[PDB]
Each structure stands twice: as C-alpha cells, then as structure tokens.
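*Asks:* Here we go, the starting part of the complex in its complex frame:
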Amino acid sequence: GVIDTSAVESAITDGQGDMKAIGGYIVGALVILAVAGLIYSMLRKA
Amino acid sequence: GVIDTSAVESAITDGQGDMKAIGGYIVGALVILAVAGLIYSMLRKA
Amino acid sequence: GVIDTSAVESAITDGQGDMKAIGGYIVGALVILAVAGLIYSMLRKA
Amino acid sequence: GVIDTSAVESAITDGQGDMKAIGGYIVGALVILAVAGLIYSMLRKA
Amino acid sequence: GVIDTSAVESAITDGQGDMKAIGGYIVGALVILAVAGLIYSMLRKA
Amino acid sequence: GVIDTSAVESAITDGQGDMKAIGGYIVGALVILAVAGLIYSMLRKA
Amino acid sequence: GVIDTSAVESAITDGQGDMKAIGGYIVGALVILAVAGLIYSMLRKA
Amino acid sequence: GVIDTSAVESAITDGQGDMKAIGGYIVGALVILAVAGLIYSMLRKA
Amino acid sequence: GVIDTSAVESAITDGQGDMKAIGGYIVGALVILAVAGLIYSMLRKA
Amino acid sequence: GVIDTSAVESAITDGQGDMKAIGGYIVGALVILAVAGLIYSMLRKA
Amino acid sequence: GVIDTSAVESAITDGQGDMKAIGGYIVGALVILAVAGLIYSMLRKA
Amino acid sequence: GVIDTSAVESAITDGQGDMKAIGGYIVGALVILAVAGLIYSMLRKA
Amino acid sequence: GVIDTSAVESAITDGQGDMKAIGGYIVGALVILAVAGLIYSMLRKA
Amino acid sequence: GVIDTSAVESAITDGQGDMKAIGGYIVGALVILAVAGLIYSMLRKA
Amino acid sequence: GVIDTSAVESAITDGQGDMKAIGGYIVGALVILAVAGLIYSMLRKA
Amino acid sequence: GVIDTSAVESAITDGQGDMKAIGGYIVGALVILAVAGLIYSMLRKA
Amino acid sequence: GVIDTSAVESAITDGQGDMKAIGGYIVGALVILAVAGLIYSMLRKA
Amino acid sequence: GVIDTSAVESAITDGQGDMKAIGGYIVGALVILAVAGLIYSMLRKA
Amino acid sequence: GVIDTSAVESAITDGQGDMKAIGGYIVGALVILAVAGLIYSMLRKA
Amino acid sequence: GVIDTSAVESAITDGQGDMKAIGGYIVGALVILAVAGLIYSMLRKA
Amino acid sequence: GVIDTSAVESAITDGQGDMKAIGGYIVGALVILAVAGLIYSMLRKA
Amino acid sequence: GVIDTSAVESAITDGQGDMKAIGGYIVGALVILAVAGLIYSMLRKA
Amino acid sequence: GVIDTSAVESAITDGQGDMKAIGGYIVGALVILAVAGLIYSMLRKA
Amino acid sequence: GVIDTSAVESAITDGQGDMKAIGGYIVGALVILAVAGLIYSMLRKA
Amino acid sequence: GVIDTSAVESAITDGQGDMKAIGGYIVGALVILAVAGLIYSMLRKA
Amino acid sequence: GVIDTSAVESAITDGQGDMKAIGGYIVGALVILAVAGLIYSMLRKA
Amino acid sequence: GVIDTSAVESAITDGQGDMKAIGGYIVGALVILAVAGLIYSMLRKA
Amino acid sequence: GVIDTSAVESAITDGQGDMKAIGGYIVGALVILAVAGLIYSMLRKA
Amino acid sequence: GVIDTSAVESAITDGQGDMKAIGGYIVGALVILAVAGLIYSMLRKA
Amino acid sequence: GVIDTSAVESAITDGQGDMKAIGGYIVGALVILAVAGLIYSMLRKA
Amino acid sequence: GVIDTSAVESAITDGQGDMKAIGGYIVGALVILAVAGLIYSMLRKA
Amino acid sequence: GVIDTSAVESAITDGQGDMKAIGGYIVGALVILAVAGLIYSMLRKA
C-alpha cells in the first residue's frame, strides 16, 4: 500500500542514481575508444 | 458483503497507487540506463 | 425452505456485488503494474 | 543501488584507462605505417 | 581493465615495430625504383 | 607482430632486389637509345 | 459472541502487522536481487 | 503475530544481505566479460 | 541467508576469474587477426 | 569457474594460433599482388 | 582452431600462387605497351 | 585460387598480344611522321 | 464481464496514447543522432 | 443442472466478450510501441 | 435401491450436460485471451 | 498511462537535446580533421 | 540527458582540439615534402 | 583528446624533419644531374 | 472431448488466418523500409 | 472397478484426440507467425 | 474377519487396475498436449 | 481471430505508408549529399 | 503510423536542406583549391 | 538539421577562405619559379 | 511405475524424432536465406 | 507399519525408475530441438 | 509426435521455397545496383 | 510460405526495376562529367 | 520500388544537367588557358 | 502442551537443518548450470 | 530431517556434477561455432 | 545425475563435431568469395 510505495520511490531513486553513474563510466571507456580510433584514422589517412 | 466490499475498493486503491509509483521509479533507472546506452552508442559511432 | 431461500438470494447478491468490486480494485493495481512494466520496456528498448 | 554504483564508476574508470592506452599503442603502429607510406611516396616521387 | 591494458600496450608495441620495419623494406624497393628511373632519365636526356 | 615483421623485411628485400635489376635492364635500352641518338646527331652534324 | 469478537479484531490486527512487516523484508531481498540483475545487465550491455 | 514478525524482519534482513552480495559477485564476472569484449572490439577494430 | 551468501561471493569470484581469462585468450586471436589485417594492408598499400 | 576457464585459455590459444597463420597466408597473396603491381608500375614507367 | 588453420595456410598458398601468376601476365601486357612506347619514341625522335 | 589463376595467365596473354599489336600500328604512324620530317629536312637543307 | 471490459478498453486506450507519445520522443533523440552522424559523414567525406 | 448451465453459457459469453475487447486495447499500445520502435529504427539506420 | 438409482443417472446426466457447456463458455474467454496475447506478441515482435 | 506518458515526452526531450549537442561536438573534430586533410592535400598538390 | 550531454560537448571539444593539432603537424611534413619537390623541380628544370 | 594530440604534434614533427631531409638529398642528385646537363650543353655548344 | 476438439480446430484456424495476414502487413512496412534503405544506399554510393 | 475403468480408457482416449487436434491448430497460427517473422527478417536484411 | 478380508483384497485389486488404466489415458491427453506445446515452441522459436 | 486480423492489415498498412514516406525524405538528404560530393569532385578534378 | 510519418517527411526535409547547404560550402573550398591549382599551373606553364 | 547546417555554411566558409589564401602563396613560389626560368631562357638565348 | 515408464520412453522417442525432423526443415529455410544473403553480398560487393 | 513400509520402498523404487526414464526421453526431444536451433543459428549467422 | 512431425517437414519445405525465391528477387535489385555502379565506374574512369 | 513468397518475387521485381533505373540516371551525370573532363583535357592538351 | 525509382530518374536528370554545365564552364577556363599558351608560343617562336 | 512443544522445536530444528542443506546442493547444480551458460555465452559472443 | 538431508547433499552433488559436465560439452559446440565464425570472418575480410 | 550427465557429454560431443564441420563448409564459400574478390581487385587494378 501507499507508504510502502513511498519507499519503492526511494530505492528506485538510488537505482536510477547508480544507473546513470555507471552508464557514465562506460561512456568514459567509449570516449577513449572512440578517440583512439580517431588517431588510428589519423595514421590511415596520413 | 456490500460495505466490506467498499473497503476492498479502498485498499485496492492504495495498492494501485503504490504500484504506479514504484513502477515509476524503476522507470527512472531504465531512463538512466537507456540514456547511458545512448552515450555508449555515441562512442561506438564516433 | 422457500422464503428463507429468498434471503439466500439476497446475501449471495451482496456477496457477488463485493466480489466484483474488489476484483475491480485489484485490477487497478494490475493496471498500474502492467503499465509500469510498459515503461520499463520503453527504457530496455530505447 | 547508490554505493554499488560507486564501484561501477571505478571499474568503468579502469576500463577507460585501458582503452585509451591500447588505442594509444595501435596509434604507434599507424604512425609507423603512415610514415612508411611517406617514404614510399618519396621513392614514387623521386 | 588496467593491467590487461598494459598488455595492449605491449602487442601494440610489437605491431608498431613490424610496421616500421616492413614500411622500411618497401622503401628499399622504392629506392631501387626511384633510382632506376634516374638512370632512365639519364638515357632520355643524353 | 615482431617476427612476422622480420619476414616483411625479407620479401621487401627481394622486391628491392628485382627493382634495381629491372630498372637496370631498362637502362640498357636507354643507353642504346641515347647512343643511337648520338649517331643521329653525328649525321645531322656532318 | 460480541466481545470475544473484539479480541478477534486484536489478534487479527497483530497478524496484519507482522504480515506487512515480513512482506517488507522479503522486499528487501527482492530489491537487492532486482538491482543485482540491473548490474548484470550493465555488463551484458557494456 | 507481532514479535514473531520482528524475526521475519531479521531473516529477511540477512536474505537481503546475501542477495546484494551474490548479485555483486556475478557483477564481477560480467565486468570481466564486458571488458573482455572491449578487447575483442579492440582487435576487430584495429 | 548471510553465510551462504559468503559462498555466493566465492563462486562468483571464480566465475569472474574465468571470464577475464577466456576473454583474454579470445583477445589473443583478435590480436593475430588484427595484425594479419595490418599485413594485408601492407600489401594493398605497397 | 576457475579450471574450466583454464581450458578457455587453451582453445583461445589454438584460435590465436590459427588466426596468425591464416592471416599469414593471405599476406602471401598480398605480397604477390603488391609485387605484381610493382612490375605493372615498371611497364607504365618504362 | 589449429588444424583448420593449417588449411588456411593451404588456400592462402594457392591464392598467393594465382596472384603472382596473373600479376605476371599483366606484366606481359605492360611490357608490350612499354616497348611500343619505346618505338613511338623512336619515331618522335627520328 | 590456382586454376582460376591459370585463366588469369590466359587473358593477360591476349592482353599482351593486343598491346604489342597496337603499339605496333602507332609505330606505323610514327614512321610516316618521322620520315615526312626527314623530307621536310631535305627541303630546309636543299 | 461486459462493462468492466469497457473500462479495459479505456485504460488500454491511455496506454496506447502514452506509448505512441514516448516512442515519439525517443524518435526525437534518434533524429538528433541520425543527423549528427550525417555531419560526421560530412567531415569524413570532405 | 441443465438450465443453470444455460446461464453458465451466458456469463462465459460476456466474459469472452470482455477478454477479446481488452486484449484488443492492449494491442493498441503494442501497436504504438511497435511503431515507435520502427521510427527508432529509422534513426539508427539513417 | 435400483430405480431410484435410475434417477441418479438422470440428474448426473444433466449435471454432465451443464458442466460441458459452461466449461465450454470459459473456453470462449480463454480463446479471446489467448488470441489477444497473440496480437500482443505481434506488436512485441514487430 | 496518459500523464506518465507526458514525462516520457520530457526525458525523451532532454535526450534529444543531448544527442544533438554531442553529435555537434563530434562534428567539431570532424571539421578539424576534414580541414587538416585539406592542408595535407595542399602539400601533396603543391 | 541534458547535463551529461554538456560533457559530451566537452570531450568532443578536446577531440576537435587534437584533431586540428595533429592535422597540423602532418601539414608540417607535407610542407617539407612539397617544398623538397620544388627543389627537385629546380634541378629537373635547370 | 588534448594531450594525446600533443604527441601527434611530436611525431608529425619528426616526420616533417625527415621529409625535409630526404627531399634535401634528392636535391643533391638533381643538382649533380642538372649540372651534368650543363656540361653536356657545353659540348653541344662548343 | 472429440467434438469440442473440432471447434479447437476451427478457432485455431481463424487464428492462423489472422497471423498470416498481420505478419503480411508488417512485411509491407519492412518492404518500404528495406527499399528506402536501398535509396539511401543509392545516395551514399553516388 | 475394472470395467468402469475401461470407460476411463475411452474418454481419456477422446481427450487425447482433442488435445492433439487443437495443439495442432495452434501450430497453424505459430507457423503463420514464424513465417511472417521470416519475411520481416527479409526486409530487415534486404 | 479373515476371509471377507480376502475379498477386500479382490475389489481393491480391481480398483488398482482401473486407476492405473485411467491414469494411463489421461497421460494420453497430456502427451498430445505436451507435444502440441513442443510444436508451438517450434513456431515461437523459428 | 479473423476480423481482428483485418485491423492488423490496417495498421500494418499505415505503417508501410510511413515507412516508405520517411525512407523517402532520408533519400532527400542523401541526394543533397550525393550531389554535393559531385561538386566536390568537380573541384578536385578541375 | 501515417501522421507520425508526416513528421518523418519534415525532419528529413530539414536534413536534406542542411546537406545541400554544407555540401555547398565545401564546394566553396574546392573552388578556391581548384582555382589555386589553376594559378600554379600558370606558373608551371609560364 | 537546418540551423546546424547554417554552421556548416560557416566553417565551409573559412575553409574556402584558407584555400584561396594558400593556393595564393603557392602561386607566389610559382611566379618566382616561372620568372627564374624566364631568366634562364634569357641566358640560353643570349 | 516401471512398464508405464517404458512407454514414456516410446513417446519421448517419437517426440525426439519429430523435433529433429522439423528442426531440419527450418534449417532448409535458413539455408535458402543464408544463401540468398550470400548473393546479396555478391551484388553489394561487385 | 514396518513391513508394509518396505513395499512403499519398492513401488517408490519403480516410480523413481520410470521418472528417470521418461525424463530421459524428453531429453531426447530437447536435444533434437536444441540442436536444430544450432543449425538455425548456422543459417542466421552464415 | 512422428506424423505431425511429417507436416513440420512440409511447411518448413514451403518456407525454404519462399526464402530462396525472395532471396532471389533481392538479388535482382543487387544486380541492377552492382551493374549501375559499374557504369558509374565507367564515367569516373573515362 | 509458398504464395507469400510469390509476392516476394514481385516487390523484389519492382525493386530491381528502380535500381536499374536510378543507377541509370547517375550514369547520366557521370557521362556529363566524364565528357566535361574530356574537354578539359582538350584545353590542357591544346 | 517502381515509382520512387521514377524520381530517381528525375534527380539523376538534374544532376546530369549540372554536370554537363559546370564541366562546360571549366572548359571556358581551359580555352582561355590553352589559347594564352598559344600566344606564349607565338612569342617563343617569333 | 508445553514440553511436547519443546520437541516440536527440536524436529522443526532438524527440518530447518536439512532444508538449508539440500537447498544448498541444488545451488551447486545451479552454479554449474549458470556457469556453463556463461561459457556458452562466451562462444556466442566470440 | 538431518540425515535424510545428508542424502539431499549427495544427489544435489551428482546433479551439480552433471550440470557442469554437459554445460561443458555445449561449450564444445560453441567453440566450434565461434571458431567457424572466425574463419568466415577471415574470408569476409580477405 | 552423474551417468546421465555422461550422455550429455556425448551428444554435446556430436554437436561440437557438426558445428566445426559446417562452420568448415561455410568457410569453403567464404574462400571462393574472398578469392573472387581478389580477381575483381586484379581487374580494378590492371
């Protein structure tokens, strides 16, 4: 019921927190990747 | 009987309340996820 | 006997009343659930 | 949840670390390539 | 992660090694070519 | 990688070998040409 | 009869109390589960 | 009843404890996986 | 419960161990591939 | 788990073996190609 | 794996065979060309 | 592969055939040219 | 039964409403993505 | 018995009515979903 | 006794009649359900 | 349902926002690339 | 979402920075090349 | 990104170094050529 | 039993009917998609 | 007892009959589905 | 008493007979079911 | 079932409609692209 | 569906707009290039 | 889209700017060359 | 019990029979698909 | 009592026998299935 | 079971039929494409 | 299945139609290009 | 498909239009060039 | 009564003992399963 | 109870044994698959 | 359990057998492809 469903809101809140964080750090890797492929393209090219 | 069945309406009401709330916050996480995968796609891509 | 069995009809009547009512409100929750899972699917997806 | 999502940050961190490193060394090869093609161009030319 | 990404550095290292080597030997050919065209130019000329 | 890149050295080696050889024989023709034009010049002249 | 049926109200009261409590703590586990599956999804994904 | 329902809280507590722990270690594997696929992507790529 | 959840930690531990190992050896292949494509590029090129 | 993950190491090992081998023989073709284009260049030229 | 990778060696072998052959016959044409341009040069000249 | 590379030999063969032929007929023109310039030189001269 | 099944129609109606809406906004992102990749292609190209 | 079993037919009838109706409206959502994923695919693609 | 047991046959007969009838109409609903889930699957899918 | 689907609109909105932004900055790089290749072409050329 | 997409702007910014820089230094080589071919032209010429 | 792009500057630097050097030595040959044609002109002339 | 199972045949029949129909119309979209990607390929290409 | 148990055999017989029949017609739908997804795959693909 | 209890053995015997028989034929249906679900799985799948 | 499957036809119809439309407008861009690359080729060329 | 597919038309429209614009400005550069090479040709020539 | 495509116009603008500038300065060299060959012609001549 | 469990063996036997058969024919389609994609690749390619 | 409970052991024994047998043959089907899906995967793939 | 599995063979048969057919017609397009790119190459070239 | 696969033939037919048409008109441009480069060659030449 | 492929004809038409036009104006320059070299030849000569 | 209820505690104690034990060993299997699916995922993947 | 729960340990033990074994052999297939896709990639590539 | 899990080993064995075989024959095609693209490259080239 109602109140208990307030706590649902809470844990779901943390959960959303984490998700956006980790999803964040993966993005870190992707950036390093993406960018390393930009350098690889620089060699290919020139 | 009838009246008692009015209270059934009531608790079922709270219950529906919670459900839509929590289902809500999970959606919070999913959004952070979804979106972090959009960034991951941004690296993959570029 | 007969008449008494008319009242049986009556209480069974209320009883059917309640049942369909509560069964109703549970459906309320289920809808909120169902629907929150539709949003969760929206994140999973996109 | 929250804290666990701090560690997500951490491994994603190493991951980004590696990525930028390897992406680095590939760039090493590309440079040697690129440059060897510059010499090949020097012969073609002259 | 981190360490594994140290080995990435290593193989990428050899890879750069080879590249600059082969790119080297191709240059050998190019030189012989280039130079044989210098002789051809010597006949054309004189 | 490294070793494989030793063989690169090898084939590039033969390749340089050929190049300087053929470039050689073309020079043979050029010499005969060059020289036949020297005779043509001898007639023009005298 | 009536009064005795007041105590029925009472024990049923505690009973409802417990139920909502335990049902609570199970939810604790489920959250840890749910959430650990969210991390597992994070690896699968990225 | 009430008290007994306090212990429900307790075991459900441990249970939540474990869940988040194991869910944890699975995440360990997933990370190693995820990350090994990042290296595989590094080869594919370069 | 708690303790049992310590063992969860343990097997999940081995599991993470393996994962990072195999993910490793696949990387071995990828490197040989990647690198063989670097040689193929060397021929294409020169 | 652990041991099984030792065998992962093993097959991944063979796999890396093959890869570097085949990638090798393709290089054979590329060399013949590359080199035949060097002769074609010799005609174009002279 | 290993053995299968022996056959890779084999087909790559034929492939290298062909390549050097065809690259050969093209060279035939180039020679006829090259040489016909040497005659054209003989007319231009004299 | 091998056999297919026998046909490469064949078409390259015709190709060389043509080349030497046409290169031939151009030489025809060049001769008429060359020679007409020899007559022009005869007038200039005398 | 029948009437209750009219309300099913109703909530399913809203549900369809939302779905098409959100599915909409995701499309917004996709467009921005798609289009940003069109610009990336413009650089690659020119 | 028989007649009463005629009414069984009747309520089961409404019930089938509802079912096909609601099942209907859910389909509404699914269509909006399905279709929104078709647009998402349109962005991914182009 | 015997005859009375003939009537047992009779009412049991009607009873079987009803049963198969109602069981019938429930099947009606189930079909509408089943089938609505087939459409839901059609959206999920496409 | 409906309202919740208004928020879907909202997050999808931000999401589209980001996408077009990042897709933007990648374009920044591409421009610098594109343009650096225009200079490289200027040297090649002259 | 929005903010995260501000950081996208940032890394894409550095990325553009690098690109224009490296693209720069390649231009350095090209200039030395270009110019060395201008000297080669000076000899050819005179 | 930025720093990595500092190293781009560096290798591009060496590269420019080499280029201007080799382009240099070719000029050496060209000078010897040019000049030998000046002597050839001296004979033609006188 | 038997007969009732004849009707099973019937509804399953319609069901198969629908399925092949809808599956049909989805194919309609896919064709328009597929084909629009063929045009996109036509631009990419030319 | 025995004989009555012969009739058990009989109704169970019809029952098996129906089951295999209906299970049949559902298969009809599944085939139409399956197959429509094969066409959808044909568009996706081409 | 004893003998009468021999007949108990007898009827219980038939009874066991029937039971295993009917239980048999139900199994017939279950098999047809089970198996029809295997086909349904075949469509789902493919 | 049947009729419902007529509507499947309908929405799938719109869906095909859209698809061919959007796929259309993307083609618009591609044409502008394609064509702008034709102009770029005109400069490269002349 | 249909309408949504009208907006597809719209964004694809802008997209085509941009494309033809940028493709335009690149053409600007190409013209300046092309033309600067015409001047370079003027020096070479005269 | 549209606006973003205004910036495309802008960078393409600078790009055209540079191009015409550099193409300019190369022309400077060409003029000095051209002209130095005019002096060389003056000596040859007189 | 035992014997009845012999028949279990039997039906399970047929069942395995079918499965491998159908799984077979699906493979038929897949082959035609697979192969048609090989032709599509042949066009893409050449 | 005791002895009778020895026979319990016996029938339970057969029962276990059957179970493991049938469970066996189902596994037969599953294998054929599993494996047919492996072939389907082979087509999908290649 | 067995027979039913004969029909599996049958539908899978048609399915394979279609697949190879459609896969066919796509090949038609690819050929027209492929070939139109051969003409485009003819213009590029000459 | 079969028939549906006849329509596959049909759309694939149109598709091939278009392809060869457009591929056609691109060829139109290429011809105008090709030919304009023939005129450019006429000026270069004379 | 067909009609859409009529528009392909149309844009390809304009495209051919432009091409022949621009290719035209370049020819304008070439003529002025060609001709200015004819005057330069007039001075050289006389 | 009381004491007897102490023994209830005792057997319930053993019972809890067993339960946690067996539940344990099942977990053993699940781990082997889980983990074997992790390897299967390793092949799928790589 | 306790002891019986020792045997639970035992069968669960075998069960874990099997699981890890079979999960093993499936891995065998996956390896052959994985690896055959590595060869397919070798052809695609070269 | 154990033994049954020996047979798991067996079928998984065949399965691995097939996989490596088919994966084999696909490689056959890929080789023919790969190689036909090598010839196509031979024409492109020469």
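*Replies:* Received it, and whenever you're ready, just let me know what you need. Numbering: from 1, shown residues only, chains lettered A, B, ... in the order given.

*Asks:* And chain R, is the one helix or strand residue A:42 maps to touching that?
*Replies:* Here residue A:42 sits within helix A:4-45, counting by DSSP states H and E. Yes. Helix A:4-45 reaches chain R (C-beta under 8 Å from any C-beta of the partner chain) through A:31, A:35, A:39, A:42. For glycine as for every other residue, the C-beta is placed from the backbone atoms N, C-alpha and C.

*Asks:* chain center to that helix, what's the gap?
*Replies:* Helix A:4-45 has its C-alpha centroid displaced from the chain centroid by 2 Å (C-alpha atoms, centre = their mean, to the nearest Å).

*Asks:* Is it in proximity to chain M?
*Replies:* No. Residues of helix A:4-45 contacting chain M under C-beta under 8 Å from any C-beta: none, with a closest distance of 8.8 Å.

*Asks:* what is the orientation angle of that helix with helix D:4-45?
*Replies:* Following axes from the mean of the first three to the mean of the last three C-alpha atoms, to 10 degrees, one obtains 10 degrees for the angle between helix A:4-45 and helix D:4-45.

*Asks:* what packs against helix A:4-45?
*Replies:* Of the remaining helices and strands, those touching helix A:4-45 by 3 or more C-beta pairs under 8 Å, 6 or more residues apart in numbering or on different chains; DSSP states H and E are helix B:4-45, helix D:4-45, helix G:4-45, helix H:4-45, helix P:4-45, helix Q:4-45, helix R:4-45.

*Asks:* List just the nearest of the residues of helix A:4-45 next to chain R to residue E:11.
*Replies:* When the residues of helix A:4-45 next to chain R are ranked by distance to residue E:11 (C-beta to C-beta), residue A:39 comes first, at 16.6 Å.

*Asks:* correct me, but the closest one touches residue D:25?
*Replies:* No. With contact defined as C-beta atoms under 8 Å, residue A:39 does not reach residue D:25; the gap is 10.4 Å.

*Asks:* out of the residues of helix A:4-45 next to chain R, which are buried?
*Replies:* Among the residues of helix A:4-45 next to chain R, those buried by neighbour count (16 or more other C-beta atoms under 10 Å in any protein chain shown) are A:31, A:35, A:39, A:42.

*Asks:* Go ahead and add chain AG:
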Amino acid sequence: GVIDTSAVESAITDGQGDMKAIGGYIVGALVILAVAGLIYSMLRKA
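*Replies:* If we add chain AG to the chains shown above, we get the following:
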C-alpha cells in the same frame, strides 16, 4: 548432431561452388573493363 552436420558439409559445398562461379563471372566484367582501360591508355599515350 553428426549426420545432420554431414548435410551442412553438402550445402556449404554447393554454396562454395556458386561463390567461386559468380566471383568468376564478375571477373569477366573486370577483365573487359581492365582491358578497355588499357585501350584508353593507348589513346592517351598515342
């Protein structure tokens, strides 16, 4: 399994057959192309 995997060998066999055939005929075109460019070179030249 094994045998089925013999047929895999078979279809893969045909597939390899086709591939080498078509790859063949494309080579036909390439030869005609290649060779027509040899004639174009003959005109350019002479």
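
*Asks:* Might you report the residue contacts of the closest residue to chain Y within chain A?
*Replies:* Closest residue of chain A to chain Y, C-beta to the nearest C-beta: residue A:44 (21.6 Å). Residues in contact with residue A:44, defined by C-beta atoms under 8 Å, 6 or more residues apart in numbering or on different chains, are D:30, D:33, D:34.

*Asks:* Look up how far residue U:36 lies from the residue nearest to residue A:39 when sequence neighbours are not counted.
*Replies:* Once flanking residues are discounted, residue A:39 sits nearest to residue D:27: 4.2 Å by C-beta to C-beta, 6 or more residues apart in numbering or on different chains. Going from residue D:27 to residue U:36 by C-beta to C-beta, to the nearest Å gives 60 Å.

*Asks:* between those two, which one's more packed in?
*Replies:* Taking neighbours as other C-beta atoms under 10 Å in any protein chain shown, residue D:27 and residue U:36 compare with residue D:27 leading, 26 against 21.

*Asks:* With chain N as the reference, measure out to that one.
*Replies:* 29 Å (C-beta to the nearest C-beta, to the nearest Å).

*Asks:* My guess is the residue nearest to residue A:39 contacts residue A:38. True?
*Replies:* No. At 9.5 Å, residue D:27 does not count as touching residue A:38 under the criterion of C-beta under 8 Å.

*Asks:* Quick one: residues contacting whatever residue of chain A ends up closest to chain E.
*Replies:* Going by C-beta to the nearest C-beta, chain E is nearest to residue A:43 of chain A, at 9.3 Å. Taking C-beta under 8 Å, 6+ apart, we find residue A:43 in contact with D:27, D:29, D:30, D:31, D:33, D:34.

*Asks:* Nearest residue to the middle of chain A?
*Replies:* With distances taken as C-alpha atoms, centre = their mean, the residue of chain A nearest its centroid is residue A:23 (1.4 Å).

*Asks:* Spatially nearest residue to it, not counting backbone neighbours?
*Replies:* Leaving aside its sequence neighbours, residue A:23 sits nearest to residue B:36 (C-beta to C-beta, 6+ apart; 1.8 Å).

*Asks:* As chain AH, please add this:
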Amino acid sequence: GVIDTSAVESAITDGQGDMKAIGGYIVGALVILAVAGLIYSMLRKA
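*Replies:* Chain AH, in position alongside the others:
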C-alpha cells in the same frame, strides 16, 4: 547454391559484355583525340 550460381554466371556474362562494349566506345573517343593530337603535332612540327 549451385543452380542460382548458374544465373550468377549469366548476369556476370552480360555484364562482361557491356563492359567490353563501352570500354570500346571510349576507345573511339581516345582514337579521335590521339589522332587530333597527331595533327596538332603536324602543325607544331611543320
């Protein structure tokens, strides 16, 4: 597969046909060019 690969032979056949034809007509132009340059040489000369 095999037969389909006979048609590959066929279209590749036409394709080779065209190629040699067009390559032909281009040669027509080249001849007119070549020859017009022979006349230009006649004026230059005399």
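
*Asks:* mind redoing the contacts of residue A:43 now chain AH's in there?
*Replies:* By C-beta under 8 Å, 6+ apart, the residues touching residue A:43 are D:27, D:29, D:30, D:31, D:33, D:34.

*Asks:* Enumerate every residue touching the residue nearest to the fifth one when sequence neighbours are not counted.
*Replies:* Distances taken as C-beta to C-beta, 6+ apart place residue E:19 nearest to residue D:33, at 4.8 Å, with adjacent residues excluded. For residue E:19, the contacting residues are D:29, D:30, D:32, D:33, D:36, F:5, I:38, I:42, by C-beta under 8 Å, 6+ apart.

*Asks:* could you measure the second one against chain G, distance?
*Replies:* This points to residue D:30. Distance from residue D:30 to chain G, by C-beta to the nearest C-beta: 26 Å.

*Asks:* And the last one, by the same measure?
*Replies:* For residue I:42, the distance to chain G equals 33 Å [C-beta to the nearest C-beta].

*Asks:* And the third one, by the same measure?
*Replies:* Distance of residue D:32 to chain G, computed by C-beta to the nearest C-beta: 32 Å.

*Asks:* what's the neighbour count on that residue?
*Replies:* Based on other C-beta under 10 Å, the number of other residues close to residue D:32 is 23.

*Asks:* and it, how far is that from chain B?
*Replies:* Separation of residue D:32 from chain B (C-beta to the nearest C-beta) stands at 25 Å.

*Asks:* for the fifth one, same thing?
*Replies:* Spatial separation of residue D:36 from chain B under the definition C-beta to the nearest C-beta is 28 Å.

*Asks:* ok, that residue - contacts?
*Replies:* Residue D:36 is in contact with E:19, E:20, E:22, E:23, E:24, E:26, E:27, counting by C-beta under 8 Å, 6+ apart.

*Asks:* switch the cut-off to 7 Å
*Replies:* E:19, E:20, E:23, E:24, E:26, E:27 (C-beta atoms under 7 Å, 6 or more residues apart in numbering or on different chains).

*Asks:* Assess the claim that the third one and residue D:30 are in contact.
*Replies:* Right, residue E:23. No. Checked against C-beta atoms under 7 Å, the pair residue E:23 and residue D:30 is beyond contact range at 11.0 Å.

*Asks:* quick one on the thing from earlier: among the contacts of residue D:36, which one lies nearest to residue A:12?
*Replies:* For the contacts of residue D:36, the minimum distance to residue A:12 (C-beta to C-beta) is 51.7 Å, reached by residue E:19.
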